[PDB]
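Visitor: Handing you this structure, nothing more for now.
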Amino acid sequence: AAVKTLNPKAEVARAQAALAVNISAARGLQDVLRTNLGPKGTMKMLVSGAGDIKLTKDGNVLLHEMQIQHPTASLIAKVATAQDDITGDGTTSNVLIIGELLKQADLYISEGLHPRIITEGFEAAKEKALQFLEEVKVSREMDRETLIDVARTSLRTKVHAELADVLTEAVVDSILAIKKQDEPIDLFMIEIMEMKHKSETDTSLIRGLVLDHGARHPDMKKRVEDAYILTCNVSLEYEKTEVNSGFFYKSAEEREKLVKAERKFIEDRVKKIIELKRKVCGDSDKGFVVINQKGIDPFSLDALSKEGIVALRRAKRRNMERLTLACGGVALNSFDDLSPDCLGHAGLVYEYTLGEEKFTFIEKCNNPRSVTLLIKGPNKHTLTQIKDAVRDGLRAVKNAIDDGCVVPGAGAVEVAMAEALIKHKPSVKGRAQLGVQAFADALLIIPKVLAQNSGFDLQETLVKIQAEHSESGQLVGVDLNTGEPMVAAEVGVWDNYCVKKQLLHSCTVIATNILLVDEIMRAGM
Amino acid sequence: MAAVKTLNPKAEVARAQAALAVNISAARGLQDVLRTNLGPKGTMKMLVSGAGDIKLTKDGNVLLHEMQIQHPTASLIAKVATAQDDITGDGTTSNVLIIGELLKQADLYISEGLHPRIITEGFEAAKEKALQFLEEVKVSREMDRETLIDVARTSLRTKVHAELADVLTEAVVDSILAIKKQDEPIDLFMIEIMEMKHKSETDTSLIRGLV
Amino acid sequence: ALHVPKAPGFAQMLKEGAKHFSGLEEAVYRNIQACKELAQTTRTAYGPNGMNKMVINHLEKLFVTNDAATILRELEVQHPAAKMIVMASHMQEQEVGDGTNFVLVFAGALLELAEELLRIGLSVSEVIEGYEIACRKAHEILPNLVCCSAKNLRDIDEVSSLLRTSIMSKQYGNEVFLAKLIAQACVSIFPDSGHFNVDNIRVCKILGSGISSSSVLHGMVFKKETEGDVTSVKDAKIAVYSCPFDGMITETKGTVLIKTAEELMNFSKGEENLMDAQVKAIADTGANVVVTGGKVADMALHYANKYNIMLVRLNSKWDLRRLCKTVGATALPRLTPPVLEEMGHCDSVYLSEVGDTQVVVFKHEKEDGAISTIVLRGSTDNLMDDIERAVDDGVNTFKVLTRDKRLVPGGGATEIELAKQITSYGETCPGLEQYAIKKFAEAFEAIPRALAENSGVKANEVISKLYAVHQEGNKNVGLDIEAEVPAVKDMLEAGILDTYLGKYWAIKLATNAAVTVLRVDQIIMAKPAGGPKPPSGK
Amino acid sequence: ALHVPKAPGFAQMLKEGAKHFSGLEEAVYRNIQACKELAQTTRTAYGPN
Amino acid sequence: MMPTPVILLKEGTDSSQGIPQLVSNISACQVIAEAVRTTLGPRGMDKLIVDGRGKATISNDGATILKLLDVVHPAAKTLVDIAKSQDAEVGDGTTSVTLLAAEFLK
Amino acid sequence: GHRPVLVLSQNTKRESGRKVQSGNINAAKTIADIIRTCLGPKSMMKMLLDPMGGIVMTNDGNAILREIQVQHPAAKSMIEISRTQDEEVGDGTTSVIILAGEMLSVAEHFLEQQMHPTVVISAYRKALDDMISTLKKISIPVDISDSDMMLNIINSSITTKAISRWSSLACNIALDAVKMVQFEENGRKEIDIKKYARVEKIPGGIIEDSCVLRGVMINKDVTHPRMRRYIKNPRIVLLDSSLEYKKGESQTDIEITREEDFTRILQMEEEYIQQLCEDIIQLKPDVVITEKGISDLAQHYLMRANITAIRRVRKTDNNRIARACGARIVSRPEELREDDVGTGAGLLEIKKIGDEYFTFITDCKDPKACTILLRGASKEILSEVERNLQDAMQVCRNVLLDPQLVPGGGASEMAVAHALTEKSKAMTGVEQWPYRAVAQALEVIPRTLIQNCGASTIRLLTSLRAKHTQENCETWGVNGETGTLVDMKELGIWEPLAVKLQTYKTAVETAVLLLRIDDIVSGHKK
Ligand SMILES: Nc1ncnc2c1ncn2[C@@H]1O[C@H](COP(=O)(O)OP(=O)(O)O)[C@@H](O)[C@H]1O
Ligand SMILES: Nc1ncnc2c1ncn2[C@@H]1O[C@H](COP(=O)(O)OP(=O)(O)O)[C@@H](O)[C@H]1O
Ligand SMILES: Nc1ncnc2c1ncn2[C@@H]1O[C@H](COP(=O)(O)OP(=O)(O)O)[C@@H](O)[C@H]1O
Ligand SMILES: [Mg+2]
Ligand SMILES: [Mg+2]
Ligand SMILES: [Mg+2]
Ligand SMILES: [Mg+2]
Ligand SMILES: [Mg+2]
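Residue numbers (the deposited numbering), protein chains in the order written: chain Z, 2 to 526; chain z, 1 to 211; chain Q, 2 to 539; chain q, 2 to 50; chain H, 1 to 106; chain G, 3 to 528.
Listed below in structure tokens is the structure:
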């Protein structure tokens, strides 16, 4: 070729070769990720170079963990990563739909048809499909039951059925706790903290915060019943002068005086804290907790502990906002003017010890606008899998709340969309009808893969579902236990409207762009 | 990685859908190469050996032999085409194309979870029906000079240039009709094919004797 | 026609060193085989008759022990499924402290029977569901099998008799002596408050006299020496300092600026007088022992020797904290004299020598205190390490007994009773789950079978006798290791008992590990890397 | 994403040392270039001069 | 034994089990005792051991001789450890301990 | 020993004669053939593999050429002219390469026929002058006040790209961005889209949601959570100096002998921070954006006055904000004046996109800077969309500077070729043959359009030439979709005159440069 003529060490695929390479890569990715789709999918074990174990079922995690060095695989991985970043679900369906679109397009391209006509058909089918999806969405007031149904539809696919049932309540309650009326939901206010000492079903929701650090002074109280929370960002350790100060003395007494004097700056702030603590609580009934983002040197820790104050240092940056929203205080960057109204209130603070690692709990808040999820599991990989599952569930619930409409799942929507596209095909002028048919047959992959993973076979299950949909018009999905058609809306299998729209748009765009590529080139050396 | 791998570490195995994909890909590649051969409008291929000998050809069997392939499925299809060429002497390109298309159309259904046994049963039924139809559609005729000329045209035009084909048609028809004995099998050994290298390629002809 | 090319698709896209295993034969059976191999390696150390294993790690540090968790820790396991089983065993060790070998044996038996069930035709999901149902049934059954409770933990005889079974598995020959020692050590700790801390028991290993000479000390022992002239104190009034025993210095920078000859001539004298005044002020409080966490200046040491003060230096902050706990002193951050509440008291502090080791002993006289120390004698470092592991097992058993007082019969009686009851339950369950339930029940047989194999008798007759007796109606009958012929006896009379929490957690963790291993269908292993460990492990 | 794999089909089945040139630009134009080069080498010896 | 594509432990791991390893351990202890036998009694003889640096340690004490031996056998190291223990607790008898232990095993 | 003696150093190769000319022309033809297929509305995209592991799936000629590495120097010259065309006018990168390759190819014919390259170069320059004359003759004026015609021009620019599907939205975005960026000061017109028309790509969402903001958008968040994330009519103060306490450059050392000097020094540091914050507060702003860090104490002092602050913002983003909201960046807050306070922004909102915080200063009135927020399938799709938007904005700027338009789709090529042939018909010297050769070589663009359309080249191109032989047919080209000859006054495809002028000049000058070259020498060291 020309590239090899100019650059001898160049790798080039041209035209039919380019299509073959791209479609083979897409087919390989589809074949790998077929087994993921649906709650009846198969979990994979992912061993890294260092031997770390990663048990997962998520499409994005799998794609990031397969040892693949292919260009088209990289493009599809980028598309799935964008899918996960924005909506947080549908990556496996994304890959499956891309692969099926490419295969259906190749089914016609191999018979002399030019890919441009296929792409025109894809565009027309995508527009009609988006219109139908607009028509078929179920607008609903998002109560607790609907959110529980959506969270179940996600988690049951991600994890074990009983663990999914626990995580449904956990995630729904967590989202409802921080949700404010007609205000965007900030998922940063749901802290995901994981411990590694009990069973997987012990994962729960704490209406407060769990901090992965505890008090550094042994004499500080390990449990405070009623506490005032002081959220501060002030250094309480020794600080050096910015201008290279140094000390000069002529005797040991002068050295002692200078040693005692150099601590006065920190001692003043500690004294302000102690005076505030004395003012707010004149007895031992109430407690005082100091959570500081910066260090606290041992002298300050001892001084505070002699006053019965629990002090936590080097807290997380987000923990400032989380504590202000949950406990209800004011985060302070200086003690210039500190007043009792700036103190948060927590109805219980105690420390939990887990071997070498220590944790602090802050519960019984008044109206916690930030909560934490405690992931508990006997294994590290169990913790990672549960963390990914709760991330997916939180994204699903947030999307369901943001979009007042929800879409029936179980593959029903794809069947209805395929039938609508087939009905609309005669209205398309020219040979773009072939592209429309390819798009419909590609959309039909979801019920096919669900039937495969459920142990049934694609053909008669799909034709039964299609016949049932034609006879009644209801949004009938796939019953993963019997294989019979089933109304997903009645049983409560919901899919996010935003996820479906994103799948349609991204899959169509990437498939069109890949089909129009006629040359992979590598001549950068 | 499998049963055979444990006993023989240096063993190469492709199992189940892997083997099916390997075979179908090989057949599809052969079909892609030989697609351009079919018909009088096909394209000549230039084949150069290791020693540098040049061989311009369009025959499917010749191209299969002179292709640089080391694939098992390709070897099987090459053996089938070789048997076809040995017995009937025509249809090798059609053999490869039909085999490849059969495998492709079968995989079109197999990828949808259909077992290959059902496809093979359908193939057997379709084959017997097709044989019946072919028996019903053939044209019984008296093989006069004109019909033989037409058949020779249909072959040689697909093999060579039109004018050379026109010359070779008369040559071959006269040669066959000269050695043909009534109600006796035709001995093709009695038609010597001697080549001389001094005139134009349209000067080839038939000699009612021996050289 | 002489090479089989890689299949189009994923096979060609796989990296150069990666491995991909998919399907029953390539993944599940291989994982089950690896787990079975691991369990088989650890099996021979199960029970009192289990035998130690000499294990050499990658650093050529010799370990000899029959503790399953230690063996697994010192074994370089590479198979991911065996890694998962090892993680389950280590979680069992961390949560309770004993039963790790039970975890391996049960997980291996479960996976083997699951493999045979998959062979006969059952699907993975059906086997998993059957195991889950059977585990729930076993957890329901277990509380009914409780025979007796501790019902007192401040006694010495009862605590020793309870911990004897726990520390009879390790160190089978001499467990009464170790039981008495650990019982005394734990009874000194565990005050009126119900909370019991495992870390409040310290083990000091001094070589030479054989383990029969080991003792328990109501105090704390340091393998150090006094830094002063005084080597013995009768009525210690310890004053603990976290600061170095020296004059303080500025944290920014300190330069002695001298402008006149008088300052130059008086600086050293003034500094020495300041140090002498500080030391005398410390001594005037009555403190006759000073423990410091930092270095000791020469002038400070001289002035301490002048006032008859013992000096002890502890490098580790953990040692300083534990000494403060066991004495009752407060770690002063500065060199100010301690107030009366901050001054700790010890009934006797003295420098002593044990074998060839010089030690400093903070010895009480009361049978109380926050921390108690067990001094371990012996003839080998490895022997003392094994004794320390047995001591840890006994202490964890005591902690569990504080958490839950219920006990179940040992010697395989509990496992056989569980197997019988689960088998009876499974026969009443129609459907394909009955096979999985029956196999889960049969997996309990591996415990008495392993015990009988290690004891040197034929396992099958032991198991048949156990079923016969249990069918007769005796739920507290187990293996009798004190016999050369397969025989059984009542565990309750013999006092061979196991903690209820230990069995509960062991069953739960083994079932969870087995089910999680079974849930895996495809394995994608990255090419191994020779990197110097991930940074998280340091 | 750093190496272009060989296209499935005949491209992979080709032997190690074999070359396959197909299409107008890859075959006809290159053959014409070679023939033109040969004629160029022999051209200067034409005629009495 | 089958290749088992994915192995349990790292390759190069050596495992010895059963009666033969115990008999080998006893033989190793016998070798260790023989290395110090002739240093016992008023008619005992000294041993000269040269390290890698070239320094010579002429000795009759059993514990010193055992320490200077670069013993790597896990079962044999027990005899060296008990010699060190006897030296630490008492100071004499470092040859008798090894001789008695090896004799028990034999 | 006796090492060899030689004039030039080793590895110093040298070639000469017709071989060098043939090699140069073949290299240029190869470079042209690389991207020949990427011209026209029916172009096929190419997928390029970055040495760093990235993927560039693009249709632009300049990107394709710059993403490959070549060793032949003539190929390097071709890459350079492609980059020059891309920088100068913004598009036509894959047309100038084809034109230069064709011109060199037709010059090779005359080179082999004993014609000295100087004669060919003179004829080429005469042809270039006459091409300039003809293009300036057949041009048409444009009123930039008509937004519909500008949108049509941008569309005709972007029909050949991947954004042709959303052409309407893309054209509106490009036109609005160019119009807002347009600025004038001190009587100097300026349209600087490379500094004040920022394109921000956020993967995800749908490309229909892409829009141009009446403001700016930066990937930043408030320093302190208690700071306001939503202000209606903010007063903005921009700084490019730290709000912290810093050492002086002079080597200053303190010497402390008294007890209270240490605490006094620390207290004066705090008081200095407070004084700076009070100097800022005296103007009563609402948001403070700094290029350098902001100390926590400074954050507290600003928060006491209910002021939102963003800590570290790049220089380009700060300049863009200053252009948008009308602020003025000041280094020392003590010199802060009322004029420096940025009023004009209509809203400051710090919202969350995906898992990131983004700061919006949109809703400005009369903003001179803009941020084009791009959303789409993935990163590569967004990169290609950004390249297409760059092409559109460059075309819009060219039209704004020069309101002249010429017919597209090969109509200009054939018209200029016919005019050149008619003018050459009166020539008598030997120079007429290369002159006519360049004239007919200019016809490669319609031929390439027909080839990419899949139609028959010979008969369609002959019919197009016959149509252009008539008098009033200068606007007759081809359809890039249906492969038929249509009047571009009806189809509506037009391109800026500046683009065509630059393309022709660059092509002819590259042909001249590569024709002047002989006797390649290589191997020496710097
Ligand atoms: N219990 C169920 N019954 C029937 N269909 C289900 C059930 N749960 C999920 N599904 C369907 O299976 C699909 C599961 O896809 P999933 O595994 O979540 O892929 P992704 O994680 O990429 O979204 C959903 O589209 C949903 O419609
Ligand atoms: N004297 C005894 N007679 C019979 N069985 C015993 C006796 N002592 C302990 N066992 C059994 O040995 C088992 C303990 O095995 P062990 O080696 O401790 O494994 P792990 O350390 O994992 O608990 C217990 O289940 C108990 O039933
Ligand atoms: N609809 C159309 N029909 C015919 N020709 C067109 C059409 N749209 C654009 N063109 C032609 O295509 C050329 C632009 O192709 P493009 O890929 O942008 O190349 P370049 O990047 O060199 O401008 C212009 O010369 C224009 O005349
Ligand atoms: Mg999902
Ligand atoms: Mg034929
Ligand atoms: Mg045990
Ligand atoms: Mg002696
Ligand atoms: Mg352009």
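Quick reminder that beta carbons are idealized off the backbone N, C-alpha and C, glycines included.
So, is z/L131 buried or exposed, given that buried needs 16 or more other C-beta atoms within 10 angstroms?
Guide: Position 131 of the second sequence holds residue 131 of chain z. Exposed, since its Cβ has fewer than 16 Cβ neighbours within 10 Å.
Visitor: At a cut-off of 7 angstroms, is Q/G100 close to ligand 6 when judged by its beta-carbon and the heavy atoms of the ligand?
Guide: Reading the third sequence from its first residue, position 99 is the one you call residue 100 of chain Q. Correct: Q/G100 has its Cβ closer than 7 angstroms to ligand 6.
Visitor: Indicate whether at least one CB of chain q lies closer than 8 angstroms to the CB of G/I57.
Guide: The count along the sixth sequence starts at 1 and reaches residue 57 of chain G at position 55. By this cut-off, G/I57 is an interface position.
Visitor: Considering only C-alpha positions, which residue in the set G/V122, G/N64, G/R389, G/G485 is nearest to G/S465?
Guide: Mapped onto the sixth sequence, residue 465 of chain G falls at position 463. Here the closest residue by C-alpha is G/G485.
Visitor: Quick check on z/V22 - is its C-beta less than 8 angstroms from some C-beta in chain Q?
Guide: Position 22 of the second sequence, counted from the first residue, corresponds to residue 22 of chain z. Chain Q contact via Cβ: present.
Visitor: Does chain z have any CB closer than 8 angstroms to the CB of H/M2?
Guide: Along the fifth sequence, one-based indexing puts residue 2 of chain H at 2. Yes, because at least one Cβ of chain z sits closer than 8 angstroms to the Cβ of H/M2.
Visitor: Pick helix, strand or coil for G/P205, following the three-state DSSP scheme.
Guide: Your numbering for residue 205 of chain G matches position 203 in the sixth sequence. In this structure, G/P205 counts as strand in the three-state DSSP scheme.
Visitor: Could you tell me whether any non-hydrogen atom of ligand 8 is closer than 7 angstroms to the CB of G/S166?
Guide: Sequence index remark: in the sixth sequence, residue 166 of chain G carries index 164 (1-based). G/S166 Cβ: outside cutoff for every heavy atom of ligand 8.
Visitor: Note down the Cα distance separating Z/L188 from Z/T57, rounded to an integer number of angstroms.
Guide: For the purposes of this step, residue 188 of chain Z is identified with residue 187 of the first sequence, where counting begins at 1. For the purposes of this step, residue 57 of chain Z is identified with residue 56 of the first sequence, where counting begins at 1. Straight-line Cα distance between these residues: approximately 23 angstroms.
Visitor: Is any heavy atom of ligand 4 found at a distance shorter than 7 angstroms from the C-beta of Z/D393?
Guide: The count along the first sequence starts at 1 and reaches residue 393 of chain Z at position 392. Yes, since a heavy atom of ligand 4 falls inside the 7 angstroms radius drawn around the Cβ of Z/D393.
Visitor: For residue 537 of chain G, name the three-state secondary structure that DSSP assigns.
Guide: Here chain G has residues from 3 to 528 only, and residue 537 of chain G is not among them.
Visitor: Within its chain, find whatever has a CB closer than 7 angstroms to the CB of G/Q434; leave out the 5 residues flanking it on each side and keep chain order.
Guide: Within the sixth sequence, numbered from 1, the residue matching residue 434 of chain G stands at position 432. These residues qualify, in order along the chain: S426.
Visitor: In chain q, which residues lie less than 7 angstroms from z/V33 when you measure between Cβ atoms?
Guide: Translated into positions along the second sequence, residue 33 of chain z becomes position 33. Per Cβ cutoff of 7 angstroms: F11.
Visitor: For G/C213, write down the residues that DSSP places opposite it in a beta bridge.
Guide: Here residue 213 of chain G refers to the residue found at position 211 when the sixth sequence is read from its first residue. Beta-bridge pairing links G/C213 to G/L375.
Visitor: Report the three-state DSSP secondary structure of G/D368 (helix, strand or coil).
Guide: Within the sixth sequence, numbered from 1, the residue matching residue 368 of chain G stands at position 366. Coil, per DSSP.
Visitor: Any beta carbon of chain Z sitting closer than 8 angstroms to that of q/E38?
Guide: Looking up residue 38 of chain q in the fourth sequence gives position 37. Taking Cβ atoms only, chain Z never reaches closer than 8 angstroms to q/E38, which makes this a no.
Visitor: Please confirm whether Z/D458 has its beta-carbon closer than 8 angstroms to some beta-carbon of chain z.
Guide: For the purposes of this step, residue 458 of chain Z is taken as residue 457 along the first sequence, with counting starting at 1. At least one chain z Cβ lies under 8 angstroms of Z/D458.
Visitor: Residues bridged to Q/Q359 by DSSP?
Guide: The count along the third sequence starts at 1 and reaches residue 359 of chain Q at position 358. Its beta-bridge partners are Q/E354.
Visitor: Please go through the same chain and pick out, in chain order, the residues whose beta-carbon is closer than 7 angstroms to the beta-carbon of G/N154, but skip the five residues on each side of it.
Guide: Taking the sixth sequence and counting its residues from 1, one reaches residue 154 of chain G at position 152. Once the five neighbours on either side are set aside, the close Cβ partners of G/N154 are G494.
Visitor: How is G/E187 classed by DSSP in three states: helix, strand or coil?
Guide: Here the question's residue 187 of chain G lines up with position 185 in the sixth sequence. Strand, per DSSP.
Visitor: Helix, strand or coil for Q/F445? Go by DSSP, reduced to three states.
Guide: Within the third sequence, the letter at position 444 stands for residue 445 of chain Q. Coil, per DSSP.
Visitor: Could you tell me which chain Z residues have their CB closer than 9 angstroms to the CB of G/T259, listed as they occur along the chain?
Guide: For this step, residue 259 of chain G is matched to residue 257 along the sixth sequence. In chain order: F248, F249, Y250, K251, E255, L259.
Visitor: Hey, is G/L51's beta-carbon within less than 8 angstroms of any beta-carbon in chain q?
Guide: Stepping through the sixth sequence from its first residue, residue 51 of chain G is reached at position 49. Residue contact check for G/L51 against chain q: a CB pair falls below 8 angstroms.
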